[PDB]
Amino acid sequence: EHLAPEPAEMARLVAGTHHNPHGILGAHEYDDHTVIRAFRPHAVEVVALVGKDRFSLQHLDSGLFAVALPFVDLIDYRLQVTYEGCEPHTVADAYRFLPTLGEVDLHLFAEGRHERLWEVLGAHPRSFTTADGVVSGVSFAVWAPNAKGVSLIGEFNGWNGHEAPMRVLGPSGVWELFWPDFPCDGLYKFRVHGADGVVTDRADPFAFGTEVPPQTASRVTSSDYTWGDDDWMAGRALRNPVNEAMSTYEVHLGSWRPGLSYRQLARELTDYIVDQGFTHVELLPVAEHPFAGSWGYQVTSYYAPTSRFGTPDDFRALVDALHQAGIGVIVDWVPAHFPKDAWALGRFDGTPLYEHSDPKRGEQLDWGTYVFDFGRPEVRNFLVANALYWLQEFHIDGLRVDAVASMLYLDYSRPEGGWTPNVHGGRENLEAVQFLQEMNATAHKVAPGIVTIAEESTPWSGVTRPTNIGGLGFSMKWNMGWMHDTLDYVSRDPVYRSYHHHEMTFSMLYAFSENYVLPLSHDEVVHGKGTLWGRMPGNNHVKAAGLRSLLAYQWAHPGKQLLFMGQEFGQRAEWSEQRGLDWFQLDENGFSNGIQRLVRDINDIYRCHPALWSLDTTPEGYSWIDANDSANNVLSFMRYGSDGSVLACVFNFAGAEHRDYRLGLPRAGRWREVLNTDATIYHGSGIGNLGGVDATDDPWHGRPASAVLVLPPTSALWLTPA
């Protein structure tokens, strides 16, 4: 009776709903005689090979085969399946191998505290030395607690095989399987039989490699890449970004220069950034995403760089090249977005596994909007380990998390009938908060010197406050208020700016309540908002002057900077990832070359003048010269470095020049004019002070000394003591 399993088991094995294939398949001893079974539908001949005896052959059931035959122990053997049109092939029996995942790793995962989860889950090539020699293949592991079964499918199965069922490892919910001689770079998917009876073919949540979109299969990927950035990595651990220079060039890899691969970008993008003077590059989501129109935010393979531009190692070469050129690399990380594709993460095991669940069928306030269940240990681990993954496996220097507000709040609908303030269970998602704190604390602990950046649109405070005192633990946050007030102000015609002077200086009131990055990102130059150039008032010459002023203002204002590709040369039309950037503008007889030149100059002054970045987070690094000259639309202030250095910045937002303008200063003597956005080299009108001014001992604006100078119209002047 112990030759062919019972009908119930046999039915499950053929329907792919057996939880423990290895219990039936492989070699099993009943009383004495060792029985060997192999499941391979549409097979013609199996036969087992023991030592030097072909002593076997099998042939019963509806796809199953059994050897039976006496003698015990056996100790290693090999099968030789055969089909029509093809020749036999001797392969080791997968179901004879022990689990390729230890109890310890599973325990850490169950607790949601495995810091190197990527080495445990997913597809990893492995080799075992048995009796008849060493056997190589690939180990597979997927988390799916409520699935009735998971089978491995791929090119070898015609993407519809059944002879590769996986087993679940106890109550862990993790399915495992070692497939002898599976291709080192083979494509594959996990056919999942959900708890709801629905079968789905899934990409691997831990895919380290992927098929090029629109294809959706995962690809086994193992790296042995040799990095040439040891110096950069060792240096990074000894610095604190918050107190260092940070001029960021935000880039979307697919549309910066359409058609470039990672290897080409490793040359072109690196050289571009170096020549423009940026200290860092911030990349829009690099993880695999099926739709380019999402710009990368709708990720499906969190553990794999998009294959559109090359292989993972090719991506490492891009990061490696930037590092050797002295450029830091920040990547947009998307824990706030949840994959909606049926072959991705939604209802993975037939239940809302990864996404936060809610009440069952019925009316009430139950909607969709898929968000990760930060309350679940394994889901939290999936995300926290992914952050660590990119920082350690790809040497990424920082992570920027968008839409954090959508993570911190469960909110919806404004109640009626309840006119009383009720706390208890506020709108705050305590699970998400705990998740962000863990992610930050763990990341900064494992990779000192990296930065985590958050974009939070709500009045939430302590975003960049240490986790040990209630903060979310982020190194920095986007100053959205500065961006909105600044762009609203510069968009208004000069004759009206006086009415919004207070709007322009409002950001200074809380500029030190957090470690800020002043941003002018991709989101502000799409969907009818127009570009920075489009927002500027006046003719081409005045728009250009206004843009050069804005950028100078962004750089001088307390906080780090971030500028989206194309805007450094005043791209006129809104960004389009489908058309690419408007580089032709640099070939026109326009102002674009002049704006790009200004950015190079402010970046150059910036990097070499600690007064612009050493004291960004404290009032000590700033000082108003005159915050109340709304009558002339002029803003002036000092920036101070931790090395005692200084820089005076004067912005003239009026459309006309101001001659004989007296500016109060800290010291007397000669002040060198290090920047004048009206200089003819930028294609301004050339109004200036001839390189510098002499500050006399005539007190002004409550200052001990002052100097008389001309302020070019719609411009910015920066000065430093000679």
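We number the residues from 1 along the sequence you see.
- Stretches 542-550 and 340-348 differ in mean CA B factor, with 340-348 having the higher one.
- Stretches 149-157 and 136-144 differ in mean C-alpha B factor, with the higher average recorded for 149-157.
- In this structure the maximum Cα B-factor among 684, 664, 26, 692 is found at 26.
- Take 314, 643, 428, 503 and read off each C-alpha B-factor from the entry; 428 has the highest.
- Residue 679 sits in the lowest third of its chain by CA B factor, as recorded in the PDB entry.
- Residue 97 sits in the highest third of its chain by CA B factor, as recorded in the PDB entry.
- Among all modelled residues in this chain, the alpha-carbon of residue 613 has a temperature factor (C-alpha) in the lowest third.
- Annotation for residue 109: CA B-factor lies in the middle third of the chain's modelled residues.
- Per the PDB record, residue ranking by Cα B-factor puts residue 513 in the middle third of the chain.
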